[PDB]
>>> print(open('work_24.tsv').read())   # TSV, C-alpha atoms
chain	number	residue	atom	x	y	z
A	2	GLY	CA	0.00	0.00	0.00
A	3	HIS	CA	1.22	3.47	-1.02
A	4	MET	CA	-1.90	5.51	-0.27
A	5	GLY	CA	-0.37	7.69	2.46
A	6	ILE	CA	-2.80	9.48	4.75
A	7	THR	CA	-6.35	8.72	3.66
A	8	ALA	CA	-9.77	10.09	4.52
A	9	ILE	CA	-13.39	9.39	3.67
A	10	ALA	CA	-15.56	12.17	2.28
A	11	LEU	CA	-18.44	13.15	4.54
A	12	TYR	CA	-20.10	15.68	2.20
A	13	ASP	CA	-20.26	16.40	-1.51
A	14	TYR	CA	-17.67	18.91	-2.71
A	15	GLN	CA	-17.41	20.38	-6.21
A	16	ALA	CA	-14.11	21.84	-7.22
A	17	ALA	CA	-14.36	25.63	-7.57
A	18	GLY	CA	-11.09	26.00	-9.47
A	19	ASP	CA	-8.56	24.12	-11.54
A	20	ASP	CA	-6.41	23.50	-8.42
A	21	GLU	CA	-9.22	21.83	-6.42
A	22	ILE	CA	-10.68	18.31	-6.39
A	23	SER	CA	-14.25	17.00	-6.21
A	24	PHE	CA	-15.77	14.14	-4.26
A	25	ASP	CA	-19.06	12.61	-3.23
A	26	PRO	CA	-19.80	11.18	0.23
A	27	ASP	CA	-17.93	7.91	0.87
A	28	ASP	CA	-15.27	8.61	-1.79
A	29	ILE	CA	-11.72	8.08	-0.51
A	30	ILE	CA	-9.08	10.81	-0.66
A	31	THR	CA	-5.52	9.48	-0.69
A	32	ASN	CA	-2.00	10.79	-0.07
A	33	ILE	CA	-3.27	13.75	1.89
A	34	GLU	CA	-1.02	16.74	2.53
A	35	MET	CA	-2.44	18.60	5.51
A	36	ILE	CA	-0.93	21.79	4.08
A	37	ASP	CA	-3.12	24.35	5.85
A	38	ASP	CA	-5.56	24.25	8.72
A	39	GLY	CA	-8.59	24.77	6.46
A	40	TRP	CA	-7.60	23.46	3.03
A	41	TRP	CA	-5.80	20.18	2.43
A	42	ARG	CA	-4.39	18.66	-0.75
A	43	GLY	CA	-4.84	15.09	-1.86
A	44	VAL	CA	-5.75	12.66	-4.62
A	45	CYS	CA	-9.32	11.70	-5.40
A	46	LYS	CA	-10.66	9.97	-8.51
A	47	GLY	CA	-7.62	10.73	-10.63
A	48	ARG	CA	-7.14	14.40	-9.65
A	49	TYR	CA	-4.71	16.05	-7.22
A	50	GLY	CA	-5.60	19.31	-5.54
A	51	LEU	CA	-7.19	21.27	-2.74
A	52	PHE	CA	-10.33	20.51	-0.74
A	53	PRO	CA	-11.91	21.57	2.57
A	54	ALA	CA	-10.39	19.63	5.46
A	55	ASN	CA	-13.66	19.55	7.42
A	56	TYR	CA	-15.45	17.78	4.53
A	57	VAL	CA	-13.52	14.55	5.28
A	58	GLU	CA	-12.82	12.17	8.14
A	59	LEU	CA	-9.25	10.90	8.49
A	60	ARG	CA	-8.98	7.12	8.60
A	61	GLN	CA	-7.60	5.72	11.85
>>> encode(input="work_24.tsv", output="structure tokens")
Amino acid sequence: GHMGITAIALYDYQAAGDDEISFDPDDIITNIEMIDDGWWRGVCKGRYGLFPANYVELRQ
């Protein structure tokens, strides 16, 4: 496994810019970079970019 820090989406998010990602509830976000306290970066469904940290739940 090379998925890094992962999280499960709690809410639907639609990317609002070419540097953001989108996800639906229960999608998995992989290789998360907790780069800022509000916006994180990670990989979801083939795209890498920013998303709201509080839209996901880190996997324990």
>>> residues_around(input="work_24.tsv", residues="residue 33 (chain A)", least_positions_apart="5", cutoff="6 Å", atoms="all atoms listed in the file", output="count of residues only")
3
>>> closest_residue(input="work_24.tsv", among="A:45, A:61, A:37, A:7", to="residue 25 (chain A)", atoms="all atoms listed in the file")
A:45
>>> closest_residue(input="work_24.tsv", among="A:2, A:60, A:50, A:16", to="residue 29 (chain A)", atoms="only C-alpha atoms")
A:60
>>> residues_around(input="work_24.tsv", residues="residue 10 (chain A)", least_positions_apart="3", cutoff="10 Å", atoms="only C-alpha atoms", output="PyMOL selection string")
chain A and resi 7+13-14+23-30+45+54-59
>>> atom_distance(input="work_24.tsv", atom1="CA of residue 53 (chain A)", atom2="CA of residue 17 (chain A)")
11.2 Å
>>> atom_distance(input="work_24.tsv", atom1="CA of residue 39 (chain A)", atom2="CA of residue 3 (chain A)")
24.6 Å
>>> closest_residue(input="work_24.tsv", among="A:5, A:19, A:52, A:11", to="residue 40 (chain A)", atoms="all atoms listed in the file")
A:52
>>> atom_distance(input="work_24.tsv", atom1="CA of residue 20 (chain A)", atom2="CA of residue 35 (chain A)")
15.3 Å
